[PDB]
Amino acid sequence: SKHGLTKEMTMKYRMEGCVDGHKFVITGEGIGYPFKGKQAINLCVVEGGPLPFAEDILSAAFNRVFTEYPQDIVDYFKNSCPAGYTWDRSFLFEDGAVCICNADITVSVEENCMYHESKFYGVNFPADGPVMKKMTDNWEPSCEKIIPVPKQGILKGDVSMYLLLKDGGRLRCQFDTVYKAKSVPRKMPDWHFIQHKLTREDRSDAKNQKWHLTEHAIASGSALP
């Protein structure tokens, strides 16, 4: 219980959102390894299912506690634990669609469990587009830049994301994030990168829309000396 964290943790999730006027509630459970930056998550749509839009857009909404950090970069995210941190993100798609997501991350040390509460709002996805037609096929791996805001004790993230399409194409989406520990820390990182890789597999049956998500994420500094 280095910051209330252990090598293998469980996670519980609850998301509320509204995309193109369609409301929904999703819940989930997962297992992850904070220090390896690995997590695996099972989501279940609990209101408003089946969703009229691609599962893939919600992927990056479901915890930088799961990142592998080298000893030589401050780990703003694990240091914020157990109380945790919150984040706000805008997604700007190349076709004018816009999302905002908000999440709150917290640890129960007694349960060795992370609680994740999020809100997802999306507007202006064209009904004819790959998201509303569910023609998407996961995000490509990426490199996000993490930038400290020193006067404020918060971080920014900047990653240009690509949602791959079933027809072989790709849809660009700009993520701009604000990461805020619940207690603004005296120790702050220098700017660094975090690389990410997602997998997503639908496991929906007759009763329920359900899928499986994984992330693998590793922080690092510039490769140039």
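Numbers for residues come from their place in the sequence shown, where the first is 1.
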Worksheet entry | Extent of unmodelled deposited sequence, residue 63 relative to residue 62 | 1 to 3
Practice prompt. Determine, for stretches 42-50 and 171-179, which one has the higher mean CA B-factor as deposited.
Written response: 42-50
Discussion item. Quick check on the deposited entry: does the C-alpha B-factor of residue 78 sit in the lowest, middle or highest third of its chain?
Written reply: lowest
Item to complete: Check where residue 189 lands among this chain's C-alpha B-factors and tell me if it's the lowest, middle or highest third.
Response: lowest
Worksheet entry | residue 108 by Cα B-factor - lowest, middle or highest third of the modelled chain | highest
Discussion item. Using only modelled residues of the chain, where does the Cα B factor of residue 122 rank: lowest third, middle third or highest third?
Written reply: lowest
Fill in: Where the record places residue 55 (Cα B-factor, split into thirds across the chain)
middle
